[PDB]
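In: Curious how this folds, go ahead:
(3 chains)
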Amino acid sequence: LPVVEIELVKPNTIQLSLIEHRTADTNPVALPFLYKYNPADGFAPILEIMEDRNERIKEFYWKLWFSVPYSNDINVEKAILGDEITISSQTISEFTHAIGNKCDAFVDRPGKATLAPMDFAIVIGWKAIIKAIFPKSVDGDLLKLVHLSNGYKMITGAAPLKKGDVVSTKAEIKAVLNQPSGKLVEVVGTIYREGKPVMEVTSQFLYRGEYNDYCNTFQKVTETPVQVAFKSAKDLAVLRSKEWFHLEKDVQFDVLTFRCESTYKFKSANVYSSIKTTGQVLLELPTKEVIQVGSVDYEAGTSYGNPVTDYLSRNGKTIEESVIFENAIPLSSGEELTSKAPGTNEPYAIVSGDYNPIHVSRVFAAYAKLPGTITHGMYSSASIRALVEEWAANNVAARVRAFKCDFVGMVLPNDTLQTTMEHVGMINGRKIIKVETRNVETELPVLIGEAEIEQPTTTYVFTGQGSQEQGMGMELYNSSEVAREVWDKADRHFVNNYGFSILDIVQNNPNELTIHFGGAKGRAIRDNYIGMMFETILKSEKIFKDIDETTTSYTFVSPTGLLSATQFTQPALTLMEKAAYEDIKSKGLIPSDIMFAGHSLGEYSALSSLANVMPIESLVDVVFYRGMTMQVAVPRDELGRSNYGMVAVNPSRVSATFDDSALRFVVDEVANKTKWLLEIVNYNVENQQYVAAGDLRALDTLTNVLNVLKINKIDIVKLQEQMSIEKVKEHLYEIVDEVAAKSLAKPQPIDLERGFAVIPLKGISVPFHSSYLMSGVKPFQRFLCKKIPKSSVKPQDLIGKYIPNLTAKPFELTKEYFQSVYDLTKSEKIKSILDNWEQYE
Amino acid sequence: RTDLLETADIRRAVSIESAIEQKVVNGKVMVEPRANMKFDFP
Amino acid sequence: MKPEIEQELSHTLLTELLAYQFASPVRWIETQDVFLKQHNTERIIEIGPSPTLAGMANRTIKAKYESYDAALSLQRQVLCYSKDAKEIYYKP
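Out: Numbers count the residues shown, from 1 in each chain, chains lettered A, B, ... in the order given. Shown next is the protein structure:
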């Protein structure tokens, strides 16, 4: 078919019409090039009509791409609305086979929701994104157009595109610039599904040439958030001097964060016609949350720079959400990562709708002076993102997230490219991976980019009591600055309010510790100790009965070390866990959709670390308060010895037949027969670990009962099978009565003996997670209500991500969940909430 | 003394940062003496 | 659900959970079920001075979810801050 048609349309006018047949409708479309023929001078007998050259090329490209009538009267600052397109399995198949994506998620399989690649976003939004470079105010040679970079960004919580999705596109022009190389154009295309954004597609285009239309240039820069701390009133005065600072509050101490965006307008290359910088001024609360306390609002006409950004860069520190770790980890940088450009660009052009002739037509590439029918840069991006989705992920479509890419070089068809990627850094739990592609034949980078892929589905479990050790968390205290901040904030609160150093206790583990009450600070600390009260059911006995107005000191007593004490163990462990998690946060290893749970104290640590329901000071205060409360919960002897403890048992070690049900039955029957407290406190790993707490007599009784079962080889389930439940009760009562009569001899306190299945948990005297503490739970509920501020409780950090220790199900704000909580607690407040739930919603 | 210092230093800081802001928005040479040795006849 | 009412209910539920959990028996069996099967978590992170929970999670998946992990091709990585810190921080 004809690809060039030359004629003399009129005297002294040569039309060179470049025909293109690889069109949308299949009809041929011509690109006229008019040329004045000048017989007067034979050195230059042909003069190109630059007149409407760019407009003619734009009309030709418009006929090639668009669908829409030819109308270049579009505002550059306006928003382009794309066509509504419905995703179909045929289209995803064609696109995947075109780019070489073999991932399972994008192939139709039974019983699976076939998905679509994120590179399909450019196919969906090609119309809107590419319509941005056409308007008159952004004028340039489309044949000289160079795609500089393209990238995707999934919105937080937005699922990937899938089959059957009815999806629309909006596109806006973020910036139009005049640089020495040419005119830069920035386009952001938001993908809407069901009225909600699904992702954003950033594209950068270069119109090579010289342009002086600075009136049509603009820039919208999202300035990075800058952190600034006020350690003196000088900073406060300097900021209040700024006319753009709209705060209206006192900021002594405190740390602000300026989430700013700057809009620019140019009059020349180096001088700005106008500048409009506005932003949210957030303040860091004690709970590590950022709340908008003010705004930045700066507007100026003819300006030579941005004073807001200049001052912020000089005086504050950039947050730098992306974190680079120690050494880059190779991520299959090698021959298996080789990608081959297609023999022809027709299939990608057809599927993507990008009918740019420089990719498919030889004549247009030759005219454009670029070296042959080079492959689509978007093909290269999608083909190497296929490598990312294949190797960096595990064919898992959940990992498809922000993928930046820049077409630094150029690729010919049938070109073998040695891609290389390495895990370099981290951003808010997503793994930042450099992707670099260099052609094998010449070894020049053609693609350079970043990829963000989620870590595998993660849950941050938090440790309970019993694992405390001297000097725990110290190495991290020396190394990580954020760990220093956590530990120092906690420790300084402890010295100021209770008069001791938790860091000192952890590092040294002193046997004795005397808090002194001299001076006004001593009186305040004594007042705190006096005001500490153990409320129960309503009795109000004081924790420190021997502290009063006339006491000058109080001494904590331990047998070997105070770090083993409940009041100092719990804050120390909570703080080591919080500091480790906060250093991990500073390194950005927290996926947004994590799960989390914790064992007893680990629950409080986890909630503080992930949900940030409480500040460090309040967290340490409450855990210390409840540690002392648990210390005074059990009536102790003259030597601080009580008749309560904990034992970890193993039904499998008792026998293979003995299971959780059998252990439970034995526990409740022991408790009922002997009229002593004895319950299973922790339901750990099944048939391997179960912690029990109660009266020490009953704990020894359970020890010997399980030992009798171990030796005699009698199975509770076998008894249930071979005789009635009453007879089973009678047999176990005989065993329990023998052991109880033996336990009467054991004098208080009883030093438990390690049995076959049972091991004593030494250093623990409180029977916690038992019915014993139900009296204190209600005052503990009031204490929790006052100490956990309502505004600091963010549900988004808890719904479907928090597994409470009580319910052991994902945290949910539903009537079923509240009903389960009532089933486990017998709480009338939960019933008031449940009955009023219909009115609440 | 602290009132006087907290006035002078804040004024100096505001002046410095206002000068920097002006420099951002907007983008004398002294003579160097040398010896004039004469003999100075009467 | 309005944000204010949601915050109210979340605060009340969290307070009730924290109040009643320290006296009610700890149901770690259902927590392990949640973070092993229901969520199919390929990575388990425990933070603490020693791996008391990492070990029992390991033997839980060994005793209960071994064939499940095999069939579903789930490569569970149980990690503790005490020992496997290099894997936590991706510093091989």
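In: Give me the contact list for the helix or strand hosting residue C:11.
Out: Assigned by DSSP states H and E, residue C:11 falls within helix C:3-21. Residues outside helix C:3-21 that contact it (Cβ atoms under 8 Å, 6 or more residues apart in numbering or on different chains) are A:600, A:603-604, A:607, A:613, A:769, A:777-778, A:780-781, A:784-785, A:788, A:790-791, A:793, A:795, A:798, A:804-807, A:811, A:813, A:817-818, A:821, A:824-825, A:827, A:829-830, A:833, A:840-841. C-beta here means a position set from N, CA and C on the backbone, and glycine is covered the same way.
In: Report how many residues lie close to the residue of chain C found nearest chain A.
Out: Chain A sits closest to residue C:48 of chain C, with a gap of 2.7 Å, by Cβ to the nearest Cβ. For residue C:48, the count of nearby residues is 30 (other Cβ atoms under 10 Å in any protein chain shown).
In: how close does residue C:17 get to residue A:825?
Out: The spacing between residue C:17 and residue A:825, counted by Cβ to Cβ, to the nearest Å, is 9 Å.
In: where do the contact lists of those two overlap?
Out: Joint contacts of residue C:17 and residue A:825 (Cβ under 8 Å, 6+ apart) are residue A:806.
In: picking that back up, chain C next: which of the contacts of helix C:3-21 are close?
Out: Applying Cβ under 8 Å from any Cβ of the partner chain to the contacts of helix C:3-21, one finds that A:600, A:603-604, A:607, A:613, A:769, A:777-778, A:780-781, A:784-785, A:788, A:790-791, A:793, A:795, A:798, A:804-807, A:811, A:813, A:817-818, A:821, A:824-825, A:827, A:829-830, A:833, A:840-841 fall near chain C.
In: List only buried entries from those.
Out: Those of the ones next to chain C among the contacts of helix C:3-21 that meet the buried threshold are A:600, A:603-604, A:607, A:613, A:769, A:777-778, A:780-781, A:784-785, A:788, A:793, A:795, A:798, A:804-807, A:811, A:813, A:817-818, A:821, A:824-825, A:827, A:830, A:833, A:840, by 16 or more other Cβ atoms under 10 Å in any protein chain shown.
In: Can you list the residue ranges for strands in chain C?
Out: Using DSSP state E, the strands of chain C run over residues C:43-47, C:77-80.
In: Return the most buried member of the ones you listed.
Out: The highest average neighbour count among these, using mean count of other Cβ atoms under 10 Å in any protein chain shown, belongs to strand C:43-47 at a mean of 26.
In: Outside of that strand itself, list whatever touches it.
Out: Defining contact as Cβ under 8 Å, 6+ apart, one finds that strand C:43-47 is touched by A:455-463, A:577, A:580-581, A:584, A:605, A:609, C:35, C:53-54, C:57, C:76-81, C:88.
In: just stretch A:385-398 next, same as before
Out: By Cβ under 8 Å, 6+ apart, the surrounding residues in contact with stretch A:385-398 are A:99-106, A:115, A:117-119, A:160, A:331-332, A:337, A:339, A:399-400, A:403, A:405, A:419, A:421, A:423, A:431, A:433, A:435, A:451, A:453-454, A:457.
In: which ones among these are found in helices?
Out: Counted as lying in helices by DSSP state H, out of the contacts of stretch A:385-398, are residue A:99.
In: Could you give me the ChimeraX syntax to select whichever of the contacts of stretch A:385-398 are buried?
Out: Applying 16+ other Cβ under 10 Å to these, the buried members can be selected in ChimeraX as follows:
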select /A:99,100,101,103,105,106,115,117,118,119,160,331,332,337,339,399,400,403,405,419,421,423,431,433,435,451,453,454,457
